[PDB]
Each structure stands twice: as C-alpha cells, then as structure tokens.
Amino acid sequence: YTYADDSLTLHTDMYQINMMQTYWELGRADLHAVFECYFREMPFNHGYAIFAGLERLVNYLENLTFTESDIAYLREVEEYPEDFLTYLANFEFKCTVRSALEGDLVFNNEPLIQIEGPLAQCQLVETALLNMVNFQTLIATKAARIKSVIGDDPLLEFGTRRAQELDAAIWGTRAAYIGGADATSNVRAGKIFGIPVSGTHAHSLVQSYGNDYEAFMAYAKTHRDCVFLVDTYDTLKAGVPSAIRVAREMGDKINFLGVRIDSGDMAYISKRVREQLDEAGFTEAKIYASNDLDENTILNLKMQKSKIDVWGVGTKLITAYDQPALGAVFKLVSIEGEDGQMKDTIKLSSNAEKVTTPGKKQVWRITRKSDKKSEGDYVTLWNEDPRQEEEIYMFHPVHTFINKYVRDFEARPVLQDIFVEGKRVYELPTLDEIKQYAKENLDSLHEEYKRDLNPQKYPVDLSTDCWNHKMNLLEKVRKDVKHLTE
C-alpha cells in the first residue's frame, strides 16, 4: 500500500498528473505554454511584500526526477498506463523559469514567477512552487512589518514550537531573518542556513532548583553571556533581585546582558524592572520581552514608553497568525495554437477585476533618475521595453482617470532568468547577501509606502497595450459565449 518517502516529485495535486496524462496521450504534452504566479491582495494590508522561496524552488527543480518508488506507486495503486509511466520515468526538466529574487519587493497583481516550456512540464511544478513560495513570502513580509515598529532594537524569532510542522519552522525562520529578524532560536536553522542563534534558559532550569538565585548562579557558572528569565515565581520580588545578586557576585566573570520577562502587563512591569536595575547600578543591563507579541502589541508597548530593549516573537510571526496564507495562484497566460503561434488565454469570473491578465509579461520597476523616487511598477507585454522609451503613460487599471506621463526614469525588469530550458544560469546568493538586498530595497522605497499604518497604495499599472489586449480578449470571450447560447 505505502512506499518510501524518497522524492518530492509527486508533491503535487492529482489534477496535475491527470492533465499530464491527457496531454501526453493526445500528443500535446510539448505544446509551448506560459504560466505566471501572482497574488491578488496585499498581505496584512501592508504597503509591500518581500519575496522569498527561490533557493527552495531551485533545489526542488534541480532534483525533479521520478524515482522507482514514485513510478511503482503510480503503477500499482493509481494504475496509470505503462506508456505514460515511461514518459514520467524519462522525464527531465526543460522549462525556462524567471523570478523575482529573494529580498525583492513584490506587490499584488504582478507576475512574481514565470514558467515557460512544454505544457505537461509546467503543469507538474505548479503545486509545489505555490506551497513553498506562498509561505516563505508571507513570513518574510510579516517579519518586515514587525521589524518596522521595533526600529533598531533586536528582533528574535522564537516560534518553532508553535509552527505548522518542521519545514515551516526552518524555512519560516529563514524568511523571518530575510524580512527583518536578527536571530533565531532554532539551532538546525543556524546549522543549515547560517542564521545567528540565540537563547539562554527557560523556566524548567529555575524549577529544577526551586529558586531563582541558585538557578541563575548555575547558569552564570557555566556560561559567559547571561540573560536571566525572572518570572518563574515573582518577577519583582524574587526574580529581578536574584538576578541582581548574581550579577554583583560574579562581576566581570560574566556578561550580564539583562533579564527576560515572559508574562504580566509588560508596560508596567518593564518600567519597574528598569528602575530596579538602574538603582542597583546596572544601567546597561537590557530588558528582553516575549509572550504573544506582534506588530500591534509591540507598537502599543513602545507608545506606552515601555522599557523593553529586545523583542522575542514566536507564534504570531512564524504562523502569520492574523493571515496565515498569502493567496498566491498559478495561471496559464499563453499557449501554442494549432498554427504553431502563441495564443493568449483568459479565464473569467463573477468579478471583472478578478479576470486573469493574459499574455507573457514583464514587470518594470520605475524610478525617477533625479532622486530615486519610487514611481511604481509598470507591467508590459513581453515585446515592450520602457528602457527604450523617453516617456511612458502610467494609469491605474481600474480608476483610469488617475494617471501620469513619466519621463526621465530608470526602469528595471523584476523577473530574472533563473533556468533557461531546464539549465540553471543564476548563482545562488548567501543568506546575508539576501538580507542586505532586502534592506537596500526597503531603504530605497519612499516612506509613504513603507509605514505600517495606512500605507499609500504602491502603483501597479498595466501598460496601454497590455490593458487593451486584456479588454479585447475579454470582449471576444463575452461575444463567443453569446453566440453559443443563442
């Protein structure tokens, strides 16, 4: 009944494999197709998102082969025909893949990943790519949003124990680091990704002794960097005075980094703890806070003048608790016709704004040459290049009466070649290079788009040709449905 978990290649919806069989049997498996990945709404109503997922998807695509167990399952249980199974057994990835790079700013209603190649191959990878990219982009963006209210204070990601299974913890904490976290608690993530790892002790150490002083002394005898968790019994009356006593007794034999509070009304507690430390002469000791924190509670605490220096965030960051899915989709936007020419494809819905934008596209980030001012993104059909134009017309695709002519601009294409016909041409950067790239992209975005409260809407505009092309196909399908009925 069950087979070895030795492969990601069947980490896919059954729809995909059934469609692949249909194409293969009818000799259409090698029709040239273009698919694009995008999301429709800004996550958390944030002003921007931070792209993550590329390293993951690169590893997946470079190892995309059907194993013996994969094929045996499809044969023995699902009863797929032998002939199709030999096609799968000889499968090797031959699609072109273009993508935003990790740490790039991305927005809704623009392509983030584009896959072009044989129809059957494009179909196979959709599910896995969405599974990876949806989550990783969501968490990087949540981390940016939290780091934005914190400013230069450290943000520590401590949510492994509450994450949605193992991959979510390790890849989520990596995304958080890209987004704006400064360290993780997760040692494996440190090992395999090179993220800085932090954390001293938990309540169990203190309970193992039955008192704060002896546990803190035990920790201080065996470690140089000391942060004491003070709320096992009583923060103000037991924990903090015990911490102070240990720090005085040990002197320069430890680094007394500070104390951690993990409960209570943090604004009032942090103020009194700050006073106890300062009165004892420990004016450089820091206060670390954890416990159900997110951007909302952190902003409030800081606006209440809490005396918190370091923020540990777990559950609400690692699960993106208030919106735990980004909603990215993959759609067919162009397909080879019987005449061997590309035909742009559309899918309708009740919503006339939720209709797919057809055609193979590029996304151009427009910046003013003078002062690098963010002008927005400009989405074109593949054949247009705004670098070759003196002037472009940017209009809101719904509210078309909102518009500007833009001159003296630079235009950067966001989708970059990663694989050309299955062959990798992009060298993977180090995680620190990704984090720096995110920082530089954010530093370059105008403040109005970057704030957590009521950010302005970053323009994502379709070119006149792309927009007219969309409306023309929409009208043609509408007319065809009419002819069919009557």
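One rule holds for the numbers: they count along the sequence shown, beginning at 1.
- Higher mean CA temperature factor, per the PDB entry, when comparing 34 to 42 with 61 to 69: 61 to 69.
- Mean CA temperature factor is higher for 337 to 345 when stretches 337 to 345 and 299 to 307 are set side by side in the entry.
- Each of 116, 83, 182, 275 has a CA temperature factor in the record; the biggest one is found at 83.
- If you compare the C-alpha temperature factors of 150, 143, 220, 132 in the entry, 150 comes out highest.
- For residue 434, the recorded CA B-factor ranks within the middle third of the chain. Only modelled residues enter the ranking.
- Remark: residue 455 belongs to the middle third of its chain, ranked by C-alpha B-factor as recorded.
- Per-chain ranking of the deposited C-alpha B factor places residue 462 in the lowest third.
- The PDB entry assigns residue 111 a C-alpha temperature factor belonging to the lowest third of its chain's modelled residues.
- Compared with the other modelled residues of the chain, the Cα B-factor recorded for residue 395 ranks in the lowest third.
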